[PDB]
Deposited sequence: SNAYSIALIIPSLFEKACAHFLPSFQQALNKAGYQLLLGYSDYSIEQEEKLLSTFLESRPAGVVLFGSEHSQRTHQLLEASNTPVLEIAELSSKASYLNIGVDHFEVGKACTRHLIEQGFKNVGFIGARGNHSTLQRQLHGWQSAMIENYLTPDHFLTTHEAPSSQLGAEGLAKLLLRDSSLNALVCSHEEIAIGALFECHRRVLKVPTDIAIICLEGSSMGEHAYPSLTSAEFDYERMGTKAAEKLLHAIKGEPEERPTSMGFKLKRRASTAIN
């Protein structure tokens, strides 16, 4: 009478703010939480996955669509109900909660554009991962839609860092001094970028607008504040359990886009 979650990483703000709410609501209704840590490892996902199943768990949640076939048909065998948090569901007989990043990327660069901020570069981290390619694409879309060329983006497969944000801006301005808006995949990148601006005495938003794709209380209280796309990982936390519980026996997450100082 207890379920298992296994987690991709702990830097991920998604996981950070989702976890408590989840097992909290989960506790309120009977089941306990024996969770596991993958460190992004598909192999590890399995090892963990496997040994939890040794105790009949009936109910299991995982992140992403990427899983080993050598574990899919353990879950889709021992037939315990399974949620995936991700956009793409891998078996799609099992349940799903995921966000549209493409839309997030689009709405956000859309916002800069209807802001008079037409020369928009894109700095992103954590690529090699399905979500960043969708953010890029959403950006590239919002641009073209508006007769504008998506020339200026930089990315890595590494984790979001302020250094990145700062060195990204530098690299960008050095290509195009006219750059006057910046999209940022993660909040750490935006803060670097923000500090870069101070170093450069480069007013924001009048010299540069800035926007974050997955923000929190940190950019909230930066200066100039930070306009970000913001999610309810606690509402998610909750609304996930309910799903699994509704499933165990019985019978399109959005985001507010917080308008702040770095756009005016």
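Asker: List in ascending order the stretches of the deposited sequence, numbered from 1, that lack C-alpha coordinates.
Answerer: Several regions go unmodelled: 1 to 3, 255 to 260, 274 to 275.
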